[PDB]
Amino acid sequence: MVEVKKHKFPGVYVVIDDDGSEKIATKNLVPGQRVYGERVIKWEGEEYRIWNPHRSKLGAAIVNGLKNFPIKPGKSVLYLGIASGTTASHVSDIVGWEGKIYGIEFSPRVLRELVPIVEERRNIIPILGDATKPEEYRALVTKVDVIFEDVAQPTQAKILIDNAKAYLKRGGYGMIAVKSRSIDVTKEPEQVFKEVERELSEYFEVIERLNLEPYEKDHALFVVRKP
Amino acid sequence: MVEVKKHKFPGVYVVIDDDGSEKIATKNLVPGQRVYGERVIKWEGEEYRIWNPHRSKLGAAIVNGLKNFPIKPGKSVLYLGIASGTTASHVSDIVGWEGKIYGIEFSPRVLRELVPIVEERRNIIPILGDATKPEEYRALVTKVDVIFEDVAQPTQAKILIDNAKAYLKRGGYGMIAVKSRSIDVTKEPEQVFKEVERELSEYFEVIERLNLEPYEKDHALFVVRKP
Amino acid sequence: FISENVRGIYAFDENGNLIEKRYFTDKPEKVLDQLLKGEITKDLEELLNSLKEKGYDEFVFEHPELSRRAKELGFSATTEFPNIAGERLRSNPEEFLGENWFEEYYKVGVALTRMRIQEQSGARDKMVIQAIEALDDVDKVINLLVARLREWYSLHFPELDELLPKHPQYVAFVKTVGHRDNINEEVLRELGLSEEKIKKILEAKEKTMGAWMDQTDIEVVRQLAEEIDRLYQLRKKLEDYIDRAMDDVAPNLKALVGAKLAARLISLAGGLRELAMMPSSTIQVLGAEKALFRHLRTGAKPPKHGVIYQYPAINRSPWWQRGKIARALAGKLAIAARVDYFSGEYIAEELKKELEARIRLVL
Amino acid sequence: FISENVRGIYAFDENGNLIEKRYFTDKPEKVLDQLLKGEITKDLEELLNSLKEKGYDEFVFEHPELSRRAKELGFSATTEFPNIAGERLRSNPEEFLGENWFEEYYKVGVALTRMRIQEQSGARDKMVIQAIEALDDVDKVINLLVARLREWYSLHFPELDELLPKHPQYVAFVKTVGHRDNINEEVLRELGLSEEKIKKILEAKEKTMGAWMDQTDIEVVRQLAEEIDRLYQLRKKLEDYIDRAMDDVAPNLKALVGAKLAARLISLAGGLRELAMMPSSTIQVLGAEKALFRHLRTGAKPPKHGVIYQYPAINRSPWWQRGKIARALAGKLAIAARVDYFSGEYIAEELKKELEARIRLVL
Amino acid sequence: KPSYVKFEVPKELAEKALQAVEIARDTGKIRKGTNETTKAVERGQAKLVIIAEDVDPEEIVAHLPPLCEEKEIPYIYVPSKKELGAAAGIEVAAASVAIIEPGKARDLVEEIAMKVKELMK
Amino acid sequence: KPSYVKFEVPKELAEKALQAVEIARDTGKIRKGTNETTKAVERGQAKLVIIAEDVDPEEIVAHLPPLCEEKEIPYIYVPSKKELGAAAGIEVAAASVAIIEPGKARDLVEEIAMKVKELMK
RNA sequence: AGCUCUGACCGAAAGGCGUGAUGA
RNA sequence: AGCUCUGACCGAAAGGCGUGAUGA
């Protein structure tokens, strides 16, 4: 039954899958690969990797109608907390060959599970680092267009602002997913969310906040602009 | 009281002491030097080193009327079993400046007590070594005129023959002092003395045996000559 | 001024300008590891001397240690991030790297990483468990081979036994100083040694109840000392190992209680799988054999001390209080174990903070 | 042909002639110490080849070994004492050495004698006692850092634990072989290793239950090994020392029962003094209460009388008999000690002989 | 859709278990919570180990399934953990629980057993 | 003239001891021989330790003098050993003996005591 | 001669608490 | 818990033996 037609965002596709329903999905950059064991589907000449909102936040972000999305073919993005690559694998599809991604995990065991991928899919650069230290990678990255921060850690608000001065280029965006207990497990979700926004708006302009429900609970994705 | 006049042997001297009696003595090679803490008496210009028979066997053998005595001024002697030096301290006096003694101790501790002495008295060469193995000193010595073996040791009969082949030179004499339980503790001294005489006569011409009583018990000097 | 590339170390003029550059002479992956870490190499020092050469006392770096140990080199430097230089290079890299500059940042990049990541293994939990015990053995061994070199060398110098009670120095004394008469002020200080220490002994050297040794007796004892000294060295490289494999085994446990105490807890476990697989109650009390006496010969009550009590927070905290604090660290440990076992995701700072703020209290 | 001077190594024509010589390029005293004992040095091998230039297959020495290991390397030689060469030199030294030749033989000898002789010390009965316990320690120390290395490396290669049961070769394997996939027939025999051995394990490499290590897990463990194999080096130089100061302490006890056992006996004494000063009854049984410690305390073989029972003659002889032999060597030993304490005079061949023929017997 | 859940439970088959403890709390014991639940599992006091699909961090009980398979015990996921809390002794949440000596509900348990033993492959 | 003899002993004060033993062997013990002689000296059992000036190698008893000045015991050399053997229990030579419990000779002992304490310097 | 920490209840309140209190 | 071998008598003889037999 599957039908596949262009979604609003460049590098995103909508599918009317078996029954009636709608899911998003992205063109596989390297046909034949399968990263996180997700549903590929075949279309005219080509394979589109489904992207499940329950797996990637940024997927859930977009199914919840993320308004504006700086990550588009050709763009150079810095990715903090790239992990296995389940979440960043998809942006690779989007970004494309003249696109470039700088992935940064910290635990060496997880990032490992990525390193073999980057042979087939060569627009990614796994870099074992700590976001808390931007300079440790000072010589492995070039100024980026989008910064992307996942990394559930209390200081994550400042993490973004730091990297942002180091790397993010004037007037490019960056967007962060916040889990809220990452920051403070005691005080009320909106209040931390609201605090986080202020701490950001001190450096950026916070041009959006989007809560990630039903998929993920008590998270929210923000996107900010660098003046 | 003391009067000192020449003995029958070149390099030996006689003294008529405090009261009535006779002792032997040598002209100290390096005035001021005292080896085994023996009585040195002075004479017209020089000193004479008393020689006590109870200490040096060849001392006794000379008070017992050792008949012929190959160790004379100029002669190069191989001294085997040279100990502290009490016993060759004297032959050094006789041998004199153009004379050369090669001493061989085994126990390194005793030899050490010689080593200081031979700075001053530089005609002796102290050599750590084992008479059993003559080659162990093969390159520290040169052919001698006399060999002298003390070394209370069973094979000693052999020891002498063995060295007499490497070192002692044609018609050169040698003299060994035998303790008789050095060789066989059980059997009768005048017996071993014989079996020893025989053992030597296989190689040398046994030109003398002289019992070392009363001074030393059951020892005897032998003189042999080399065909 | 001075920023590092994936190709060479560049120093830029105060405005925009080049000045000079040094290319990585070995494998760039290798050099960078040191440079990125804050470490200073020769490729760098070859540069700065050349920069002094053109008359620059002025110095700026992107890392805090590159500047702080640059001053430990002489030159007055300072730390500033995205400084004029890093900004220059990262701004438009193909200026410096040609058009294929990314394909480059890529190779040096994947290359640097495969270096720092340990190969897939499933035994490595039990490898740390040897290495942790294998350093407790090296600890019997050392107290023992010092016990020897202490009284043996005291024949020759009895005094200095209780003079330099700190072992690593007694040893290096014997190892370099050597004979009792080789010792002099100059080489006594080169050993550590306060201005008094260099006397309190030098007085004893000058008169002593000491026996006498020669170039032979010494030469052996100084050979026992060269072994103590390589055993110490064997210690450094054993923990150095632990603290690097914890990265690949329990990033969290390591980030929580420290790489050593992590590996220790992994030890009286049976490994990680067991450590992970069990309660927090079977954790707080682990190393519990010794708390202390009062019935061995006297009379009193029994209770217990488990390993994790060396947590500086459990330690500087008192009687009354405390073990309520053990109850806690035990739990965050059980969580650390599981994510560490199954995932590897660094969640540490989350529950590190969940713990800190935790169980503030009644006194 | 060949014999050695106080200056050089000469090689003489079959008649009387000089052929060629090689002067001593080091301190002669140092080279002679090696040559006189039968050891071969460069100066001697520099010669041999230079002789074979001139075309000499014929070789004759003055010492059994100079000829043995002259075959162990190339050349065909035979041992003969006062050979044409040794005879030419000592016969008329003046020829080779000038008019002052004695003042020379004197120097090189007195010199060499102060080389082999230790300086005056009253502590060396104890310095030995240290050494002898000091390597009873190095023996604890080695067994233990072996049990580690054994099971630790047996994570990566379980099989070869009972494959190479002989400790030193297990070690050197790990130390050079290193990683599992490094092993091969060629470098496997480089270690000892029968041709069956190189098989029994080589299948065990190919198949295995062994977990995986990388360039890192190894490189620490192959750093354990490098250590065990220097402790071994330390043991050698520990016995190499005992068997030397035993010449300067008790030449006699040494020449009688052996340098080690002589040091052990001095050892559970309290020293040389306390040895010579006690009966022969307090001697024969000594490690009896150190070897009887194996029934009720720790436990082992049915309790073994005495230290001195390690005498090859006490051992190669039976129950019924034996016994009365200890009572004897016991006797000789007390004597050797006093002579040794007081005199040092080497009387050892006497009692050695008085003992040997002693207590021939019933059965 | 947590990744520590082996099989796919029906939302009632669970419920029968969710109340199977509710009254299994009476004339036999239970052991509320995940710390003393893991307790019982290692010591075999575990009859059936019931768990929650809510619990996060998802690794807090992610260890139970392997530990159970090993110790030869049946387990179940009752999709809500707040209900599991109150269905034991007390309101406040229970990530998982297990039952030692069912008591009331004795035969009322292995129902889930015969069903877990196949459904999980 | 052996060098292990400190003091110069009387040609008589000696046989008095050589004969102070002969009948000191009667209801008091002796301990014949040099081995069990050294035994007694280390255990205090020695009253007077008598030696010989003959004995050779001269290092076989050369140890008794030092061991005595230590254990605080008086000692005397009887110029012949063969004598000393017979004067103890048996003909064959005795290099030294000593007195435990003089027995016959109780006070006939310390006669040599006084002398020996003054003699030895 | 070898083994197991304990499992709802501190807070005046606020409500903190099986994602561990309090007792060890 | 922490520390002590036994002292004239084997040999047919020869005579070997406290400068240790025989028994341990």
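Per deposition record, X-ray crystallography, 3.2 Å.
Placement of Cβ uses the backbone N, Cα and C atoms for every residue, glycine included.
Copied over from Swiss-Prot, here are the features:
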BINDING   A:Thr86, A:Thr87, A:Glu105, A:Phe106, A:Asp130, A:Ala131, A:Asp150, A:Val151, A:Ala152, A:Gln153  S-adenosyl-L-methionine binding site
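In this structure, A:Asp130 is the one among the binding-site residues A:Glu105, A:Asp130, A:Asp150 with the smallest number of other Cβ atoms inside 10 Å of its Cβ. DSSP assigns A:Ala152 (S-adenosyl-L-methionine binding site) to coil in the three-state reduction, placing it in neither a helix nor a strand. Contact with chain C, taken as any Cβ pair under 8 Å, is found for the binding-site residues A:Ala152 out of A:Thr86, A:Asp150, A:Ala152.
Here the binding residues for S-adenosyl-L-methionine are A:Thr86, A:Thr87, A:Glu105, A:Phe106, A:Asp130, A:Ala131, A:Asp150, A:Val151, A:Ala152, A:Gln153. Their largest Cα to Cα distance works out to 19 Å. The Cβ of A:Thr86 (S-adenosyl-L-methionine binding site) lies under 8 Å from the Cβ of A:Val35, A:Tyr36, A:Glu38, A:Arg55, A:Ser56, each of which sits 6+ residues away along the same chain. Counting every protein chain shown, 20 other Cβ atoms lie within 10 Å of the Cβ of A:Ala152 (S-adenosyl-L-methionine binding site). Mapped onto three states, the DSSP output places A:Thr86 (S-adenosyl-L-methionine binding site) in coil.
In the three-state DSSP assignment, the secondary structure recorded for A:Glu105 (S-adenosyl-L-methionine binding site) is strand.
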